[PDB]
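**Student:** I have a structure here, written as structure tokens, and I will follow up with some questions on it.
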Amino acid sequence: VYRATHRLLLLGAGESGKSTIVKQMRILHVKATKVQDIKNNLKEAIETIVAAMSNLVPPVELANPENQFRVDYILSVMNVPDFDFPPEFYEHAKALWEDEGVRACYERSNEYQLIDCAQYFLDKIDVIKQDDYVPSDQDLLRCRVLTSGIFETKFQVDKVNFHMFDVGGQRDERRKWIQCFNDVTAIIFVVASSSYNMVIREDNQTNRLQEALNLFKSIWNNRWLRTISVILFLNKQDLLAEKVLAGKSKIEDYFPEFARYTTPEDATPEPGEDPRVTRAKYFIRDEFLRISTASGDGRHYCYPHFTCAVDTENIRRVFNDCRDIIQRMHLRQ
Amino acid sequence: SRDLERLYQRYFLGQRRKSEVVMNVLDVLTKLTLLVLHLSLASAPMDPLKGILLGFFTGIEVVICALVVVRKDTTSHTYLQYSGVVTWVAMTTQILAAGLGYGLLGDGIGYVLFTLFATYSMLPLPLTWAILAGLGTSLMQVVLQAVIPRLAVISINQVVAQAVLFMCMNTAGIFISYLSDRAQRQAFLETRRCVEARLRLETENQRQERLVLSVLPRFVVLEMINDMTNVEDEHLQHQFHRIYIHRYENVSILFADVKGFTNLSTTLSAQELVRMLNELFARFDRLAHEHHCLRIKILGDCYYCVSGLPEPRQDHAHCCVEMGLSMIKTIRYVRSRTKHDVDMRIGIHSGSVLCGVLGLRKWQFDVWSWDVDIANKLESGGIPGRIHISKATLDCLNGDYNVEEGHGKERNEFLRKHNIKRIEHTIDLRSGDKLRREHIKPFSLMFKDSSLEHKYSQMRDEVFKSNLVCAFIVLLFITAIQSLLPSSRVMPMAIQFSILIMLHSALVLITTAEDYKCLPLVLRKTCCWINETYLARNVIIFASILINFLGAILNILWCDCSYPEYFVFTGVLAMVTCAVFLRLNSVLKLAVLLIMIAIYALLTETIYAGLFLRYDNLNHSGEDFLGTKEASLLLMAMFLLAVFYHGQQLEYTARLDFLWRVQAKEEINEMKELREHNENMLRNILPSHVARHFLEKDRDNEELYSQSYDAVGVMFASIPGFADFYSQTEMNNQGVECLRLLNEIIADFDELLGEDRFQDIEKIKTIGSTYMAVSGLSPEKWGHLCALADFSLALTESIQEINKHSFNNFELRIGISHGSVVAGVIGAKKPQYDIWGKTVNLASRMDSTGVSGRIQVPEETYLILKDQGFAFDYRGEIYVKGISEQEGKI
Ligand SMILES: Nc1nc2c(ncn2[C@@H]2O[C@H](COP(=O)(O)OP(=O)(O)OP(O)(O)=S)[C@@H](O)[C@H]2O)c(=O)[nH]1
Ligand SMILES: C=C[C@@]1(C)CC(=O)[C@]2(O)[C@@]3(C)[C@@H](O)CCC(C)(C)[C@@H]3[C@H](O)[C@H](OC(C)=O)[C@@]2(C)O1
Ligand SMILES: [Mg+2]
């Protein structure tokens with residue numbers, strides 16, 4: 001029954017949300033440690049914001065000078081390997097989060113490196129201060145955990161078996177990918193479409209989107225993946241829409257071709273959609289289809305999908321469509 | 001060859017004997033049938049004298065019937081030759097019984113026609129015997145006319161014609177006997193040649209396979225054989241070059257290295273060193289066979305087992321420790337004669353190994369794992385003359401063996417090791433035995449497959465021209481038989497006779513148009529086309545049959561001629577023509593034969609009945625009209641039965657031989673395909689000359705095969721990063737994916753080796769992740785060193801490319817040297833090509849003492865490609881020597 005089972009792996013760059021996709025898929029169809037990781041994520045977020053108050057070359061204006069000992073406390077405990085969790089620290093963190101200077105510093109998060117789930121947990125200081133509740137599944141999906149090795153999750157939906165393969169995305173972990181390049185049904189490439197503004201945390205020079213494009217170029221022309229027919233999963237669509245709606249940062253500012261680019265005739269007419277978000281998503285998708293088609297031979301094909309890993313309805317719809325694709329593909333026409 | 005030809009006679013005797021079994025059975029029916037009608041003719045009982053001789057004659061045929069069966073079962077066939085004589089004399093004597101006494105008063109001349117044809121058709125007597133047997137009856141017919149002068153009174157003339165009637169039986173009879181015997185000779189000769197070729201190719205196939213199976217155990221050779229046959233339609237979807245590796249458990253690994261190799265290497269030259277190495281390692285191979293090991297490889301001065309790899313054993317490490325004790329004992333034995341101090345050290349470990357082959361050229365069985373590395377380190381520990389039984393093995397054997405505390409500290413303290421003829425007769429017999437009820441029809445002798453019968457029909461009749469000649473002579477003789485016979489319309493019957501004799505000659509020239517070279521090619525092609533297709537020959541064979549019958553009956557139609565029995569024998573003289581026509585099918589022969597009797601049955605009843613009546617009253621005698629028409633169809637019955645059975649048996653033998661020839665050809669084709677597969681594998685395993693030398697005799701007669709060369713370059717290529725890359729987790733099966741990547745690297749190297757640019761370079765072996773190749777082994781000038789340098793540069797380029805395709809960095813350490821080597825096989829039982837010398841050790845040392853990504857080279861004898869790094873000054877193993885490094889061509 002090995003042939004009946006389908007093997008799928010999530011190859012993508014760092015912080016691409018593939019682990020979040022795996023978690024959402026797991027809870028779609030089938031403790032205190034998770035609480036600890038939420039606390040650690042919020043901890044890292046607030047410590048990085050406090051550090052970036054002064055680390056950036058352009059100084060960020062502060063709040064009322066009297067409310068500064070809080071900044072000193074966050075700076076002091078940040079160096080401590082075992083960060084404390086007293087109510088006073090949570091009061092400090094809330095005081096920073098309500099401050100307008102800290103808000104402005106957070107609005108410039110693209111200059112430095114910070115987890116994308118910072119604001120969700122920062123809005124949760126008041127509820128996390130009591131340290132007596134259990135976060136919901138949605139708050140569980142906001143957790144940020146580094147994936148070192150490769151992991152497998154057995155799956156079973158509508159009497160057919162599926163195999164999951166979560167792998168790392170950092171340049172140090174890309175050497176382990178070859179360990180599972182044999183007899184794989186399809187590749188689910190995940191790309192953070194909203195990371196066009198930031199840069200990778202390993203070199204601090206190349207764009208995250210440019211790194212993802214290079215990774216996709218390497219995967220598409222791989223000699224051991226000549227006939228694998230990858231599937232493309234654009235992620236963080238809501239974040240991209242929010243960033244393009246704010247107007248602070250633009251795709252043209254990091255990609256000159258975007259300004260001249262125009263929306264294609266074929267499009268998805270979402271009722272709650274703007275021309276700007278459509279042109280951005282279609283520019284990204286057209287870039288990926290261009291890099292795929294330039295080397296296209298007809299042996300393998302790519303099917304781009306727009307996905308938001310946070311909400312479960314988009315996940316289940318895209319998963320149903322991709323399941324139809326994988327069934328047709330296992331048909332081996 | 002009198003022995004082979006006599007052997008053919010023994011085979012030929014049985015097939016002809018099967019024909020006389022029914023004919024002796026046919027004869028006893030003839031006596032009783034004639035006896036019965038004579039009894040029914042007269043109410044009074046016959047003469048008691050009449051019954052006694054026929055009683056002897058009708059009883060002896062039973063005896064011969066019961067005598068042929070026992071002799072066939074007997075290996076000897078002397079009585080089969082006698083049975084033909086016993087049968088012939090019995091029927092030949094019948095003439096004396098009628099001529100002098102009473103005997104078989106029925107028939108007469110016609111009965112002699114039946115037997116005189118019989119002694120050339122079914123009797124297993126040879127051709128020379130047939131003439132004597134045939135002449136005996138013919139000369140005794142001369143005795144018959146003397147003992148029966150009233151027969152000459154019936155016809156004062158035509159007595160010469162009576163002899164002529166019996167002359168053509170000899171003429172036509174030898175034609176059937178000679179051609180049928182000749183065709184049997186070809187069938188026996190062919191089936192003797194085909195089995196000779198099959199046995200010749202089987203011994204070569206078993207000898208070729210026995211060398212392939214000497215290395216490369218069966219459980220991977222089967223996989224390779226299945227792979228090369230292309231079991232599926234196509235393998236157009238492949239991403240990796242595939243591997244032949246498997247994982248095993250509960251195995252033990254031995255190791256051994258000479259402690260003082262370098263001290264004795266400089267003392268004596270290469271030849272003596274190779275001699276001692278071979279002696280020790282051959283004794284060691286014998287020990288390994290004795291103690292259930294199987295050696296994997298011999299590298300330098302190293303030798304290592306795998307315990308219970310292809311088959312499991314409860315005490316797997318026991319065999320390793322026992323043969324290690326044997327190692328120590330053999331080292332002590334060779335320590336005698338105060339020759340040297342080549343004592344070694346042994347390390348043993350037990351665990352799990354991955355066994356298989358890598359690459360596309362020079363496949364060799366190897367084992368890769370972490371535990372074999374533990375065994376290698378245990379051997380490298382030290383204390384020569386003592387074994388290492390580290391915890392993974394001491395708890396394995398038993399607590400019954402006492403061992404010391406183990407090494408104190410000799411190796412790096414990492415990972416916490418925790419030390420502590422007759423065939424041809426059965427060839428013919430099984431043909432009939434299997435085909436008793438098989439593809440051939442039980443009676444029609446027709447193959448079930450339409451194509452099988454069709455491909456039989458396309459076979460040309462090689463005696464068609466000669467066979468049609470026979471029909472001309474007999475038709476010519478009936479013309480001479482009747483020409484002197486009187487008739488009213490002598491000329492009008494001759495005009496038709498001229499037309500009929502021309503009608504046969506018309507087919508004769510058409511069927512000999514190819515024989516007539518002077519005639520145009522178009523006519524010649526038609527003659528070939530006639531025999532090319534069976535149906536076109538069948539109608540001609542049927543046609544020529546009719547002309548003999550039309551000529552034999554038209555004389556009677558002219559009669560409204562006082563000798564009506566002599567005109568009947570002309571039809572008998574036409575029934576032989578059907579028997580002459582061997583190739584035409586049996587059931588088709590019966591249909592045309594049934595026409596002859598039916599017409600004669602219509603011409604022997606009321607029509608021309610009065611012409612028989614005037615013959616009855618003239619002869620009168622004692623109720624002799626039972627020898628007339630009452631016996632005329634009686635003669636026709638036996639003649640028809642004999643001719644039909646002759647045709648049936650001939651076709652039976654022919655179809656059997658054809659079917660067996662087809663089966664043998666199919667077997668030959670399959671065996672040839674297997675030979676091709678084995679040849680391909682053997683070519684992939686070993687070089688050409690070594691394989692040729694080891695294929696024939698002298699595989700073990702010459703214990704050492706070796707050869708000395710003067711100008712040979714040696715290269716090594718190592719990948720130090722693969723050890724760090726290699727890891728045995730659960731996601732990858734046990735490191736199988738790492739070995740797949742290694743196989744991909746080695747296969748890329750091997751494919752690069754196949755370019756026409758690198759013809760002087762041959763890959764010797766691979767040592768784990770190391771690649772070894774030599775230059776200019778076969779002299780057929782210092783260009784081969786340049787070829788080796790270009791090969792090293794191409795290896796660097798290939799490793800860079802595959803690093804780009806993957807997502808990790810790999811670096812190559814290249815070591816080159818040039819000098820004189822000694823190339824030969826060190827193991828007689830398992831042939832592994834290898835080279836030795838001082839330049840080999842220098843190359844290995846230069847590879848070991850080097851920097852990754854750079855090529856280290858000895859004294860630069862070439863100016864074509866520019867080098868650099870002259871001031872490197874690497875001490876190596878021999879002595880300090882400063883020489884350069886190797887960049888690109890420019
Ligand atoms: N707002 C928003 N957040 C998302 C979205 N997708 C993922 N995230 C968040 O981003 C964070 C990073 O996702 P994660 O799954 O850890 O990336 P990763 O690829 O597995 O990280 P790595 O192993 O390559 S280093 C998660 O905490 C997740 O909550 C999204 O579509 N919208
Ligand atoms: C590729 C396999 C791996 C990682 C593990 C292994 O079993 C080896 O192949 C052995 C031990 C193993 O094949 C036995 C022979 C020999 C020659 C001793 C190998 C080398 O030591 C390899 O190391 C090198 C560097 O060649 C090594 C150790 O590398
Ligand atoms: Mg991850």
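Each chain of the structure tokens is named A, B, ... in the order shown, its residues numbered from 1; ligands are numbered from 1 in display order.
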Distance limit 6 Å, reference ligand 1, atoms considered: only C-alpha atoms and all ligand atoms. Which residues make the cut? Give them as a PDB file with N, CA, C and O atoms, in the first residue's frame.

**Tutor:**
ATOM      1  N   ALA A  13      12.126  28.822   2.110  1.00  0.00           N
ATOM      2  CA  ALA A  13      13.147  29.577   2.818  1.00  0.00           C
ATOM      3  C   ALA A  13      12.781  29.700   4.297  1.00  0.00           C
ATOM      4  O   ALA A  13      11.779  29.158   4.769  1.00  0.00           O
ATOM      5  N   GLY A  14      13.617  30.419   5.040  1.00  0.00           N
ATOM      6  CA  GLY A  14      13.376  30.584   6.459  1.00  0.00           C
ATOM      7  C   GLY A  14      12.159  31.444   6.739  1.00  0.00           C
ATOM      8  O   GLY A  14      11.850  32.389   6.012  1.00  0.00           O
ATOM      9  N   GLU A  15      11.467  31.107   7.829  1.00  0.00           N
ATOM     10  CA  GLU A  15      10.266  31.825   8.266  1.00  0.00           C
ATOM     11  C   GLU A  15       9.224  31.904   7.153  1.00  0.00           C
ATOM     12  O   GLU A  15       8.597  32.940   6.930  1.00  0.00           O
ATOM     13  N   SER A  16       9.037  30.795   6.444  1.00  0.00           N
ATOM     14  CA  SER A  16       8.089  30.747   5.341  1.00  0.00           C
ATOM     15  C   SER A  16       6.712  30.250   5.756  1.00  0.00           C
ATOM     16  O   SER A  16       5.792  30.259   4.932  1.00  0.00           O
ATOM     17  N   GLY A  17       6.542  29.821   7.004  1.00  0.00           N
ATOM     18  CA  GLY A  17       5.250  29.372   7.478  1.00  0.00           C
ATOM     19  C   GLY A  17       4.888  27.942   7.151  1.00  0.00           C
ATOM     20  O   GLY A  17       3.717  27.573   7.293  1.00  0.00           O
ATOM     21  N   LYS A  18       5.846  27.121   6.712  1.00  0.00           N
ATOM     22  CA  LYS A  18       5.533  25.731   6.397  1.00  0.00           C
ATOM     23  C   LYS A  18       5.145  24.950   7.647  1.00  0.00           C
ATOM     24  O   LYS A  18       4.246  24.102   7.600  1.00  0.00           O
ATOM     25  N   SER A  19       5.816  25.213   8.770  1.00  0.00           N
ATOM     26  CA  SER A  19       5.457  24.536  10.012  1.00  0.00           C
ATOM     27  C   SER A  19       4.055  24.923  10.463  1.00  0.00           C
ATOM     28  O   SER A  19       3.310  24.086  10.988  1.00  0.00           O
ATOM     29  N   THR A  20       3.677  26.187  10.266  1.00  0.00           N
ATOM     30  CA  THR A  20       2.309  26.604  10.558  1.00  0.00           C
ATOM     31  C   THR A  20       1.314  25.867   9.672  1.00  0.00           C
ATOM     32  O   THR A  20       0.233  25.475  10.128  1.00  0.00           O
ATOM     33  N   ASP A 116       7.375  37.803  12.980  1.00  0.00           N
ATOM     34  CA  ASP A 116       6.195  38.428  12.395  1.00  0.00           C
ATOM     35  C   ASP A 116       4.987  38.385  13.322  1.00  0.00           C
ATOM     36  O   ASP A 116       4.052  39.170  13.136  1.00  0.00           O
ATOM     37  N   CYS A 117       4.985  37.493  14.311  1.00  0.00           N
ATOM     38  CA  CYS A 117       3.888  37.375  15.260  1.00  0.00           C
ATOM     39  C   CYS A 117       4.079  38.257  16.488  1.00  0.00           C
ATOM     40  O   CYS A 117       3.541  37.944  17.556  1.00  0.00           O
ATOM     41  N   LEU A 141      -1.199  28.731  16.814  1.00  0.00           N
ATOM     42  CA  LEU A 141      -0.658  28.871  15.467  1.00  0.00           C
ATOM     43  C   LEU A 141       0.268  30.071  15.332  1.00  0.00           C
ATOM     44  O   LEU A 141       1.027  30.145  14.360  1.00  0.00           O
ATOM     45  N   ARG A 142       0.221  31.010  16.272  1.00  0.00           N
ATOM     46  CA  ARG A 142       1.088  32.178  16.234  1.00  0.00           C
ATOM     47  C   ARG A 142       2.453  31.920  16.859  1.00  0.00           C
ATOM     48  O   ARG A 142       3.291  32.826  16.871  1.00  0.00           O
ATOM     49  N   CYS A 143       2.693  30.719  17.378  1.00  0.00           N
ATOM     50  CA  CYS A 143       3.969  30.406  18.003  1.00  0.00           C
ATOM     51  C   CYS A 143       5.081  30.322  16.963  1.00  0.00           C
ATOM     52  O   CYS A 143       4.865  29.915  15.818  1.00  0.00           O
ATOM     53  N   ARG A 144       6.285  30.711  17.377  1.00  0.00           N
ATOM     54  CA  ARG A 144       7.464  30.719  16.514  1.00  0.00           C
ATOM     55  C   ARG A 144       8.488  29.744  17.081  1.00  0.00           C
ATOM     56  O   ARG A 144       9.123  30.028  18.103  1.00  0.00           O
ATOM     57  N   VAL A 145       8.652  28.601  16.420  1.00  0.00           N
ATOM     58  CA  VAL A 145       9.596  27.570  16.834  1.00  0.00           C
ATOM     59  C   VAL A 145      10.532  27.279  15.672  1.00  0.00           C
ATOM     60  O   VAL A 145      10.078  27.046  14.546  1.00  0.00           O
ATOM     61  N   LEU A 146      11.833  27.287  15.948  1.00  0.00           N
ATOM     62  CA  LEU A 146      12.819  26.967  14.924  1.00  0.00           C
ATOM     63  C   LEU A 146      12.817  25.471  14.641  1.00  0.00           C
ATOM     64  O   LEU A 146      12.815  24.653  15.566  1.00  0.00           O
ATOM     65  N   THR A 147      12.819  25.114  13.361  1.00  0.00           N
ATOM     66  CA  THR A 147      12.885  23.723  12.933  1.00  0.00           C
ATOM     67  C   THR A 147      14.315  23.413  12.508  1.00  0.00           C
ATOM     68  O   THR A 147      14.838  24.032  11.574  1.00  0.00           O
ATOM     69  N   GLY A 168      13.771  22.242   7.432  1.00  0.00           N
ATOM     70  CA  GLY A 168      14.263  23.571   7.726  1.00  0.00           C
ATOM     71  C   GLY A 168      14.463  24.398   6.472  1.00  0.00           C
ATOM     72  O   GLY A 168      14.427  23.908   5.344  1.00  0.00           O
ATOM     73  N   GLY A 169      14.683  25.692   6.682  1.00  0.00           N
ATOM     74  CA  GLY A 169      14.811  26.612   5.571  1.00  0.00           C
ATOM     75  C   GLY A 169      16.085  27.427   5.576  1.00  0.00           C
ATOM     76  O   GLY A 169      16.417  28.071   4.578  1.00  0.00           O
ATOM     77  N   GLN A 170      16.807  27.412   6.692  1.00  0.00           N
ATOM     78  CA  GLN A 170      18.047  28.168   6.785  1.00  0.00           C
ATOM     79  C   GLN A 170      19.111  27.560   5.875  1.00  0.00           C
ATOM     80  O   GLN A 170      19.070  26.373   5.541  1.00  0.00           O
ATOM     81  N   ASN A 235       2.229  32.293   0.750  1.00  0.00           N
ATOM     82  CA  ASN A 235       1.740  32.433   2.113  1.00  0.00           C
ATOM     83  C   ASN A 235       1.806  33.889   2.548  1.00  0.00           C
ATOM     84  O   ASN A 235       2.324  34.754   1.838  1.00  0.00           O
ATOM     85  N   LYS A 236       1.269  34.147   3.743  1.00  0.00           N
ATOM     86  CA  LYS A 236       1.243  35.484   4.337  1.00  0.00           C
ATOM     87  C   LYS A 236       0.579  36.494   3.406  1.00  0.00           C
ATOM     88  O   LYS A 236       1.074  37.604   3.208  1.00  0.00           O
ATOM     89  N   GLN A 237      -0.555  36.100   2.823  1.00  0.00           N
ATOM     90  CA  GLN A 237      -1.268  36.995   1.919  1.00  0.00           C
ATOM     91  C   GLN A 237      -1.877  38.170   2.673  1.00  0.00           C
ATOM     92  O   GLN A 237      -1.874  39.303   2.177  1.00  0.00           O
ATOM     93  N   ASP A 238      -2.411  37.918   3.871  1.00  0.00           N
ATOM     94  CA  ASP A 238      -3.001  38.992   4.663  1.00  0.00           C
ATOM     95  C   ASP A 238      -1.957  40.029   5.054  1.00  0.00           C
ATOM     96  O   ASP A 238      -2.229  41.235   5.031  1.00  0.00           O
ATOM     97  N   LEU A 239      -0.759  39.578   5.430  1.00  0.00           N
ATOM     98  CA  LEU A 239       0.307  40.513   5.775  1.00  0.00           C
ATOM     99  C   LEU A 239       0.706  41.356   4.572  1.00  0.00           C
ATOM    100  O   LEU A 239       0.946  42.562   4.702  1.00  0.00           O
ATOM    101  N   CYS A 308      -3.459  31.700   3.022  1.00  0.00           N
ATOM    102  CA  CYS A 308      -3.238  32.366   4.301  1.00  0.00           C
ATOM    103  C   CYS A 308      -3.257  31.292   5.380  1.00  0.00           C
ATOM    104  O   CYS A 308      -4.322  30.766   5.719  1.00  0.00           O
ATOM    105  N   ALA A 309      -2.081  30.971   5.921  1.00  0.00           N
ATOM    106  CA  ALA A 309      -1.949  29.842   6.834  1.00  0.00           C
ATOM    107  C   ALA A 309      -2.611  30.076   8.184  1.00  0.00           C
ATOM    108  O   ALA A 309      -2.802  29.110   8.930  1.00  0.00           O
ATOM    109  N   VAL A 310      -2.964  31.317   8.520  1.00  0.00           N
ATOM    110  CA  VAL A 310      -3.553  31.592   9.829  1.00  0.00           C
ATOM    111  C   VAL A 310      -4.985  31.073   9.888  1.00  0.00           C
ATOM    112  O   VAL A 310      -5.343  30.281  10.767  1.00  0.00           O
TER     113      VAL A 310
END

**Student:** Any idea what's packed within 9 Å of residue 769 of chain B, counting only C-alpha atoms, ignoring anything in its chain fewer than 6 positions away? Could you give it as a count of residues only?

**Tutor:** 8

**Student:** Do a neighbour search on segment 264-281 of chain A at 6 Å with only C-alpha atoms, toss out local chain neighbours closer than 2 positions, and write the hits as a ChimeraX atom specification.

**Tutor:** /A:241,283-284

**Student:** Write down, as a PDB file with N, CA and C atoms, in the first residue's frame, each residue of chain B that has any atom within 7 Å of an atom of chain A, counting only C-alpha atoms.

**Tutor:**
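Output below, filename selection02.pdb:
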ATOM      1  N   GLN B 239      15.534   9.187 -11.641  1.00  0.00           N
ATOM      2  CA  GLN B 239      16.230  10.355 -11.117  1.00  0.00           C
ATOM      3  C   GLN B 239      17.603  10.036 -10.549  1.00  0.00           C
ATOM      4  N   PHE B 240      17.806   8.826 -10.036  1.00  0.00           N
ATOM      5  CA  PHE B 240      19.094   8.379  -9.535  1.00  0.00           C
ATOM      6  C   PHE B 240      19.571   7.183 -10.347  1.00  0.00           C
ATOM      7  N   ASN B 732      16.495   9.214   6.879  1.00  0.00           N
ATOM      8  CA  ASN B 732      17.190   8.338   5.950  1.00  0.00           C
ATOM      9  C   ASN B 732      17.255   6.952   6.572  1.00  0.00           C
ATOM     10  N   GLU B 737      20.470   7.010   1.925  1.00  0.00           N
ATOM     11  CA  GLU B 737      20.472   8.194   1.071  1.00  0.00           C
ATOM     12  C   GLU B 737      21.871   8.786   0.941  1.00  0.00           C
ATOM     13  N   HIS B 805      24.643  21.554  -7.674  1.00  0.00           N
ATOM     14  CA  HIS B 805      23.312  20.960  -7.787  1.00  0.00           C
ATOM     15  C   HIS B 805      22.741  20.594  -6.421  1.00  0.00           C
ATOM     16  N   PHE B 807      23.185  20.988  -1.995  1.00  0.00           N
ATOM     17  CA  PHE B 807      23.227  22.139  -1.104  1.00  0.00           C
ATOM     18  C   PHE B 807      24.280  21.954  -0.021  1.00  0.00           C
ATOM     19  N   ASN B 808      25.471  21.496  -0.405  1.00  0.00           N
ATOM     20  CA  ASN B 808      26.578  21.366   0.530  1.00  0.00           C
ATOM     21  C   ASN B 808      27.888  21.439  -0.239  1.00  0.00           C
TER      22      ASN B 808
END

**Student:** So that I can see what lies close to residue 51 of chain B, please list as number ranges by chain the residues with an atom at most 12 Å from it, counting only C-alpha atoms and leaving out residues fewer than 6 positions away in the same chain.

**Tutor:** B: 31-32, 34-36, 38-39, 45, 57-59, 97, 101-105

**Student:** Can you check which residues of segment 255-332 of chain A DSSP gives as alpha helix (DSSP H) on the backbone and send them as a PyMOL selection string?

**Tutor:** chain A and resi 257-260+275-293+312-330

**Student:** Limited to C-alpha atoms, could you put the picked residues into a file as a compact mmCIF listing (two decimals), in the first residue's frame?

**Tutor:**
# COMPACT_ATOMS: atom_id res chain seq x y z
CA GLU A 257 9.64 46.15 -12.63
CA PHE A 258 6.59 46.26 -10.33
CA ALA A 259 5.71 49.86 -11.22
CA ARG A 260 5.49 49.11 -14.95
CA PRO A 275 -6.71 46.49 -7.23
CA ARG A 276 -3.45 47.07 -5.33
CA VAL A 277 -3.40 43.72 -3.52
CA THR A 278 -4.34 41.95 -6.75
CA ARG A 279 -1.58 43.63 -8.75
CA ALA A 280 0.96 42.81 -6.02
CA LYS A 281 -0.02 39.14 -5.68
CA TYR A 282 -0.17 38.72 -9.46
CA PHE A 283 3.23 40.38 -9.88
CA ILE A 284 4.75 37.90 -7.42
CA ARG A 285 2.94 34.96 -9.02
CA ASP A 286 3.99 36.08 -12.51
CA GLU A 287 7.61 36.28 -11.37
CA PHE A 288 7.41 32.70 -10.09
CA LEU A 289 5.65 31.43 -13.22
CA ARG A 290 8.24 33.19 -15.38
CA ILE A 291 11.14 31.53 -13.58
CA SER A 292 9.32 28.18 -13.80
CA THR A 293 8.32 28.48 -17.47
CA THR A 312 -8.44 27.51 8.53
CA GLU A 313 -11.01 28.06 5.76
CA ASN A 314 -8.43 29.14 3.19
CA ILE A 315 -6.23 26.26 4.33
CA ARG A 316 -8.99 23.68 3.89
CA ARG A 317 -10.10 25.05 0.51
CA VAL A 318 -6.56 25.14 -0.89
CA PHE A 319 -5.90 21.70 0.58
CA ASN A 320 -9.00 20.29 -1.13
CA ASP A 321 -7.91 21.75 -4.47
CA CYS A 322 -4.37 20.43 -4.01
CA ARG A 323 -5.75 17.02 -3.02
CA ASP A 324 -7.65 16.90 -6.31
CA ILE A 325 -4.40 17.84 -8.08
CA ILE A 326 -2.42 15.12 -6.28
CA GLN A 327 -5.07 12.51 -7.08
CA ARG A 328 -5.01 13.45 -10.77
CA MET A 329 -1.21 13.37 -10.59
CA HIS A 330 -1.07 9.92 -8.96

**Student:** Taking only C-alpha atoms and all ligand atoms into account, which residues are within 9 Å of ligand 2, as number ranges by chain?

**Tutor:** B: 297, 299, 304, 353-354, 366-377, 718-727, 738-739, 742, 766-770

**Student:** List the neighbours of residue 230 of chain A out to 7 Å using only C-alpha atoms; skip same-chain residues closer than 4 positions along the sequence, and give me the result as a list in words.

**Tutor:**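 The filter keeps residues 186, 187, 188, 189, 301 and 302 of chain A.
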